[PDB]
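Single chain ahead, by itself, as structure tokens, in the form deposited in one PDB entry.
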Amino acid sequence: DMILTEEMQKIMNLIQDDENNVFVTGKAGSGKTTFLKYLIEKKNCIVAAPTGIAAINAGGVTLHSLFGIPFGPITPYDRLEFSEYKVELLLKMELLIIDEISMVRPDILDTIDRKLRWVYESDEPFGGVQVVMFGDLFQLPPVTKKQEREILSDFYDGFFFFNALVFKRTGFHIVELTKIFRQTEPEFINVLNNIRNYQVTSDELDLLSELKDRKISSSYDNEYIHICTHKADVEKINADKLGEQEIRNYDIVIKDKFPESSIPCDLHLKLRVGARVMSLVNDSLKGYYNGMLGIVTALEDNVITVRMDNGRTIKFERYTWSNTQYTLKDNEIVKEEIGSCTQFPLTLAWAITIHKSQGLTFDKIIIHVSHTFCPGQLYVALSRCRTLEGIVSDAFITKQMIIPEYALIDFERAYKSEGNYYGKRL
């Protein structure tokens, strides 16, 4: 029963009308995780997400398992091929909540609309199911694959969630959660907005021209976290610094149904005294959050002792994640656990990918710059830090790296100034 901000209350008010679809967007620290739970507990809801890990963290299921969607691009001209229990479950679903919506390739939402119209024997978008989407508009979608682009270009204007064709027959309200439950600094807020919008003056450019720090960016013993685009580089950094001397291994325990690809922790956690680690979950009692950094001080049978950068020492214990699915009983939808996995909620953290650090921020970051940066990617990397002064790069910033994702700037400018709604008005 959190006290809601005005924005949170606005979203609850909009959803009270069952005909309103809503997109909730917010940056790291905007309260989305807790408010999503609040909204779920405050209709028959099913929570779903585009990937196994995201479904596990949202307490829900994957879109592909929920709606029996084959993987790969599907066009509107592709004919679609459900159990008795599933049809009945979907018919009872009054509210579909999709977490990490920016990572949902638009054809997936159209397939879902088509599936729900079939199940409901309805011409209404999504069969009339109310849809609420949680995400971050400037969290970039998975890079478009060759087999996706040629197939989908004939039907889609772009490769962002809101390009789904269903939003020409229906639409959604948009509310941005703008309160950050973390110290922020106004100049940095304004610098990041100007870079995000590619509206820069010498103010932003002079700062970008001086980001390179050969010393800090080549150090791995300074409590900076190295932010990289590719998992291959992160794996190599963490493995290098881990080394092979006095390593201890902690194996995951997986019970019953839990696809390996949905596991949000390490299968084989390998550590040593002095290893840099990050906590993976929020624990108010123990005093750590998802993204907090520290240094291993002791490795025992069931306890990993870590001195966090703030100077607190935490005795980490094994954590258990739950894999759930939805069923009925009697005409109500209930969640039931179908598996779990048990592991210390820690992973090596000399480096981390832009992707695995979605929704996190750090006091000090080293951005590994590359000439393959996609549009808007530099903005995302910068947004991983909490202040201007905590950021260094390993190489000079170029003009092409500031190029933004104009489709996203465009989407935001439109809804901010044309009524906080996208798509077809009811």
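What we label the rigid core is the largest C-alpha set whose atoms superpose within 1.5 Å from one form to the other. Quick note: we count residues from 1 along the sequence shown, nothing fancier.
Another form exists, deposited in another entry; not displayed. Remarks below refer to it.
Enquirer: Looking at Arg149, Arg318, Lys270, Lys212, which has a Cα shift of 2 angstroms or more between this form and the one not shown when the rigid core is held fixed?
Expert: Comparing both forms, the shifted residue turns out to be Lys212.
Enquirer: Using the core for the fit, does the CA position of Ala54 change by 2 Å or more between this form and the one not shown?
Expert: Comparing forms between this form and the one not shown, the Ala54 CA shifts below 2 Å.
Enquirer: Checking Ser65 here: with the core superposed, does its CA move 2 Å or more between this form and the one not shown?
Expert: No, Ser65 moves less than 2 Å.
Enquirer: Would you say whether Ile397 is displaced between this form and the one not shown, judging by a C-alpha shift of 2 Å or more on the superposed rigid core?
Expert: Yes, the C-alpha moves 2 Å or more.
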